[PDB]
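These notes are about the structure you will find just below.
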Amino acid sequence: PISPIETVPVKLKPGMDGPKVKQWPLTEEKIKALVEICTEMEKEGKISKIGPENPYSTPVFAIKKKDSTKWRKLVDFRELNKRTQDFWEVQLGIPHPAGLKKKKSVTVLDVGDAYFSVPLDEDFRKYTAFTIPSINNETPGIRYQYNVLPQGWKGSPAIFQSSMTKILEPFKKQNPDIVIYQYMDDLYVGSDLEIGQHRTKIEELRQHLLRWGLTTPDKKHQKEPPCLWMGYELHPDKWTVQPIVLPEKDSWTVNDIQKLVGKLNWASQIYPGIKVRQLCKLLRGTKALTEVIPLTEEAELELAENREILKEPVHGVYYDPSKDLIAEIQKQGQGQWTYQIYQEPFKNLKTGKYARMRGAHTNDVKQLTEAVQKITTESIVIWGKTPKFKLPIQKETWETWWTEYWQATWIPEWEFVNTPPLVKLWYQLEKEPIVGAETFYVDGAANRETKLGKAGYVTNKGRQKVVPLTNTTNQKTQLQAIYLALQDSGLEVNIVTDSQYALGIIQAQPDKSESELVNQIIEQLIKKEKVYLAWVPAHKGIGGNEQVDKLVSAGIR
Amino acid sequence: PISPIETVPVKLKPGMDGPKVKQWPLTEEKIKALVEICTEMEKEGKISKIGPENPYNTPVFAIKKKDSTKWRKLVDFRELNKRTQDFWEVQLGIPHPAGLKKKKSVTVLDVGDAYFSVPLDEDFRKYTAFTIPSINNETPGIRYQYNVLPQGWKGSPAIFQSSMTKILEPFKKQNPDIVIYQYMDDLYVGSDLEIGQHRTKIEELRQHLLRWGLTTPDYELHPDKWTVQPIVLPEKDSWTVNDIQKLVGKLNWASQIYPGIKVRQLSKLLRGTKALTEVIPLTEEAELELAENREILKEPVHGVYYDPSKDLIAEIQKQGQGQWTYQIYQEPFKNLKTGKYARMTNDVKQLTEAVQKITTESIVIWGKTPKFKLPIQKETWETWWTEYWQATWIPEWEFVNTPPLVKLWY
Ligand SMILES: Cc1ccnc(SC(F)(F)c2nc3ccccc3o2)n1
Ligand SMILES: [Ca+2]
């Protein structure tokens, strides 16, 4: 049928005319198919024959597509699409099953020939004009235009959706407690009615749907007990991911490894513990798609640790809006994190992992916070409120850092939970200069042409040293001078640098880095009992800083 | 005596398309408040439901009026503004009185509800589109456009200017020394009257408005109490090598900005290669330098002027223990104004309050809002900022995950 629904006004892009693409010639077979199909279509109101009064044409063709040995009719709308106004949305978000509230019953209804069931504008139909061609383009083609939404036209998903929403409103208003999710061609209908009365209510819906043009060619409410949707398996009362056979090979191509990671990444939203860093490590420096990568020892451990977790199935529960959400986070691996969200203890609505990147250098307190933050956004989207957090960090560990740290932050209400490892500060820089500690005027200098660097220091105790360096920037010779001070210093030490840059990095109390000079420094910093870091400005001829420059830039520049 | 008025033609900037901004995820209670607000707005003919043939979007937020008293709907027209506002504030701008900052008292009145009277140009309405999202993307989401002038939007006061002139004229005639400035949904009212009596004049002004569509409007700023005197140079600061070194760095930097910073008597005193904790073999001619230097830091940066054709930008540093420092400049460190905000908890609560307070100063001062550099994670600000926002505008913001030793100087 065709919906009695009011049509959506559509217009071409500003100052642009409809498409006038010349129809290429088709094989007899394909023509015959086209004529047959169009006839059926013309009969059902979908299509309409038209004069040569209409300019405009958009090529048609036909083939065996989706094994269609009954023949399918295609329209290349490229040209019309470039010429049709953008529409809203297209669609741009989908629900996460962990947000669904538990139902007694849900059924799928597939809409018949959805697009073909919705009227096209009319002031616009003219542009959708197409031409079934003559045997050897000798004679005029049969010219039609669309009266309904065509298959590959820019606006068919948006208008259908729009049309379906309107259509559904009166039924939703008369049935305020029934849940309908529209996804493309399908409707999922969820209720808390008893098996028999739910079936009644579907039939009513089907009836409302027929009144509006839309057949649900599924009589007796078709479906099948477990809904499969967007990589999930959904039941009225629980949910999961669907397959996840991890193959059994000695040889993994890069390709295999990608697929595998994607799969594990998918699983990890309901399987707590899933871990993939060693598998991702195998992927560094992409070495061709078809190529085998020997699994490291560290990877084989993970792959098995993973098969372990996927041994038996797990299901998420659904959301009771009356209870709080709780988010638990656990440190697991290096920059890696895992989390569970749940309402009654250990019935996960869902699960996840976080493995950040938010800088060259960072620390656990930061990264736990960014994870907390990602979960907070995820919660608002999924459940429309924020979870109460449980965290492997002492209240004082967090307050110390964040009250000290220069950036601002805020997290939802939370508690400490003892799920080792805990987040701590491996070292605290000192706030004041240390009485009776050797003060180390460290300085660097690189030539930027030759790259020849001198990194050294001078001390208040008279001690000095300059060691030569080679493939360095002015910047590394700062970090090398500072590190050089940390090696040759006792347990307590003051360090004066003139590097804005180097001071920047260390002041943020990192515990990890994508620089090697830096992981080194952090090692030193942990071993020390007291480190004070102070900043003076370059070549201003300062006491202490002057002298290191006399013998750093001599061999420097 | 009951039908609509006649509409000003409105063009988007030369070959520019409307806003297609993603709506941010919102809390259930806020969604609720939002459909409830919009249901009225629709019944009152202010907004209409739109179809899919409108590809435009502009985010919407709900905020509390004071705290749990009511919800207000807030529309983020920053993008729509940008695409309307190289060409307005020109064809139909509103000049800014210099005298406003010199008044003893400026009171901010929200005259936003007035705009809902004037109809919006038919061919411009599509650009005002916004979406009420659903939780978990379970539902497509309620879409609307505007029929009357919208409050978030810089074209509104521009169109409405004429009515505001007529509305306001009698009042101004009767008090020619009151300074009234319109910026978006608010009027800024400035006068050198004593505080009560100022307020009486505000009330009187409120009645002139009330006759024309303003449902009992609206504060208090005292601009001539807005102080500069920042960059501080310690007092028992003439003891250690570390003190002096820090002090020298503070001055070294200040001499970027401020013409006259001496510093040399000070570079001595250090002379050697001393331990950080040694007290000093000098404190004489240098103390005079320190004196002089300090006194130039009390006063305005001599070299620097406001250029009306340039974005004001504002930096904020977290000083900790509830203190925040901030700078307004058009090019880094040519500071137009520097300041403080303190609450003596949260961090983002205070920050949003800081931003708001700064924006208002900037408005009363220059008739623009600054582009803010915010010392926070983007994600965190996005999540939380509407929780404390109370104003009707939104300034532009960057996030600055760095801060140099800039925090120290300030
Ligand atoms: C399967 C299930 C369990 C609990 N409540 C529901 S409600 C729903 F059917 F509308 C619905 N079906 C959906 C399919 C995909 C995404 C969201 C859905 O909501 N559904
Ligand atoms: Ca240096």
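Each chain in the structure tokens gets a letter, A, B and so on, in the order shown; residues start at 1 in every chain, and ligands are counted from 1 in the order they appear.
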Please report, as CSV, each residue of chain A lying at most 10 Å from ligand 1, together with the nearest pair of atoms and the separation in Å rounded to one decimal; use only C-alpha atoms and all ligand atoms, and order rows by chain and ascending residue number.
residue,atom,partner,partner_atom_place_in_ligand_line,distance
A:94,CA,ligand 1,16 (C),7.1
A:95,CA,ligand 1,16 (C),5.4
A:96,CA,ligand 1,16 (C),6.7
A:97,CA,ligand 1,16 (C),6.1
A:98,CA,ligand 1,4 (C),8.9
A:99,CA,ligand 1,5 (N),8.4
A:100,CA,ligand 1,5 (N),4.7
A:101,CA,ligand 1,5 (N),5.1
A:102,CA,ligand 1,4 (C),4.6
A:103,CA,ligand 1,4 (C),4.8
A:104,CA,ligand 1,4 (C),8.1
A:105,CA,ligand 1,2 (C),7.9
A:106,CA,ligand 1,9 (F),5.2
A:107,CA,ligand 1,9 (F),6.8
A:108,CA,ligand 1,9 (F),7.6
A:178,CA,ligand 1,10 (F),8.1
A:179,CA,ligand 1,10 (F),4.7
A:180,CA,ligand 1,10 (F),4.3
A:181,CA,ligand 1,10 (F),4.3
A:182,CA,ligand 1,10 (F),7.8
A:183,CA,ligand 1,15 (C),7.5
A:186,CA,ligand 1,14 (C),9.2
A:187,CA,ligand 1,10 (F),7.5
A:188,CA,ligand 1,9 (F),4.1
A:189,CA,ligand 1,9 (F),4.3
A:190,CA,ligand 1,9 (F),4.1
A:191,CA,ligand 1,7 (S),7.4
A:192,CA,ligand 1,5 (N),9.5
A:225,CA,ligand 1,1 (C),9.7
A:226,CA,ligand 1,1 (C),8.1
A:227,CA,ligand 1,1 (C),6.5
A:228,CA,ligand 1,14 (C),8.2
A:229,CA,ligand 1,15 (C),5.9
A:230,CA,ligand 1,15 (C),7.6
A:232,CA,ligand 1,15 (C),8.3
A:233,CA,ligand 1,1 (C),8.4
A:234,CA,ligand 1,1 (C),4.7
A:235,CA,ligand 1,1 (C),5.0
A:236,CA,ligand 1,3 (C),4.1
A:237,CA,ligand 1,3 (C),5.9
A:238,CA,ligand 1,3 (C),6.9
A:239,CA,ligand 1,3 (C),7.5
A:317,CA,ligand 1,4 (C),9.5
A:318,CA,ligand 1,4 (C),7.0
A:319,CA,ligand 1,4 (C),8.9
- request: Please provide as a ChimeraX atom specification all residues within 10 Å of range 453-468 of chain A, with the sequence filter that same-chain residues fewer than 5 positions apart are discarded (counting only C-alpha atoms).
  value: /A:437-448,473-474,476-485,488,494-497,544-549,551-557 /B:272-276
message: Quick check: residues of chain A within 6 Å of chain B, only C-alpha atoms, returned as a ChimeraX atom specification.
response: /A:86-88,93-95,381-382,384-385,406-409,439,460,542-544
query: If we count only C-alpha atoms, what is near residue 46 in chain A at a cut-off of 6 Å, once residues fewer than 5 positions away on the same chain are taken out, given as a VMD selection string?
result: chain A and resid 41 147 to 148
- request: Figure out the distance between CA of residue 37 in chain B and CA of residue 144 in chain B, please, to one decimal in Å.
  value: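 Atom-to-atom, CA of residue 144 in chain B to CA of residue 37 in chain B, that is 12.2 Å.
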field: 12 Å contact set for residue 82 in chain B, only C-alpha atoms, chain neighbours under 4 positions out, as a list in words
entry: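 Listing them by chain and then by number gives residues 12, 13, 16, 17, 18, 19, 76, 77, 78, 86, 87, 88, 89, 153, 154, 155, 395 and 396 of chain B.
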task: Write out as a list in words each polymer residue whose atoms come within 9 Å of residue 215 in chain B, counting only C-alpha atoms; drop sequence neighbours fewer than 6 positions from it.
output: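 Counting only the stated atoms, we get residues 111, 113, 114 and 209 of chain B.
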message: as a PyMOL selection string, please: the residues near range 53-57 of chain A (cut-off 12 Å, only C-alpha atoms, same-chain neighbours under 3 positions excluded).
response: chain A and resi 17-24+49-50+60+75-80+124-133+141-146
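Closest approach to residue 10 in chain B among B:106, B:34, B:158, B:210: B:158, based on only C-alpha atoms.
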- request: From range 210-336 of chain A, collect each residue whose DSSP state is alpha helix (DSSP H) and return the set as a ChimeraX atom specification.
  value: /A:210-211,254-267,277-281,297-309
- request: Go through A:535, A:160, A:427, A:339 one by one, measure the shortest atom-to-atom distance of each to ligand 2 using only C-alpha atoms and all ligand atoms, and give the residue with the smallest value.
  value: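 Closest residue, counting only C-alpha atoms and all ligand atoms: A:535.
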- request: Please give the complete set of residues from range 78-243 of chain A that DSSP, run on the backbone, assigns to strand (DSSP E or B), formatted as a ChimeraX atom specification.
  value: /A:84,105-110,119,130-132,142-146,148,179-183,186-191,227-229,232-234,239-241
message: Env of residue 195 in chain B: 9 Å cut, atoms = only C-alpha atoms, seq-sep filter 4 positions within chain, self excluded. Answer as a VMD selection string.
response: chain B and resid 104 to 105 199 to 200
Mind writing the picked residues with N, CA and C atoms as an mmCIF file, in the first residue's frame?
data_model
loop_
_atom_site.group_PDB
_atom_site.id
_atom_site.type_symbol
_atom_site.label_atom_id
_atom_site.label_comp_id
_atom_site.auth_asym_id
_atom_site.auth_seq_id
_atom_site.Cartn_x
_atom_site.Cartn_y
_atom_site.Cartn_z
ATOM 1 N N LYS B 104 28.907 54.385 39.156
ATOM 2 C CA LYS B 104 28.992 53.765 40.470
ATOM 3 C C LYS B 104 28.288 52.416 40.506
ATOM 4 N N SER B 105 27.168 52.281 39.805
ATOM 5 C CA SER B 105 26.372 51.065 39.932
ATOM 6 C C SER B 105 25.710 50.692 38.624
ATOM 7 N N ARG B 199 18.279 51.906 43.044
ATOM 8 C CA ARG B 199 17.353 50.782 42.967
ATOM 9 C C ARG B 199 15.918 51.238 42.631
ATOM 10 N N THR B 200 15.584 52.425 43.112
ATOM 11 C CA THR B 200 14.273 52.976 42.877
ATOM 12 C C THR B 200 14.187 53.310 41.419
#
message: With distances taken over only C-alpha atoms, which residue among A:361, A:287, A:221, A:82 lies nearest residue 200 in chain A?
response: A:221
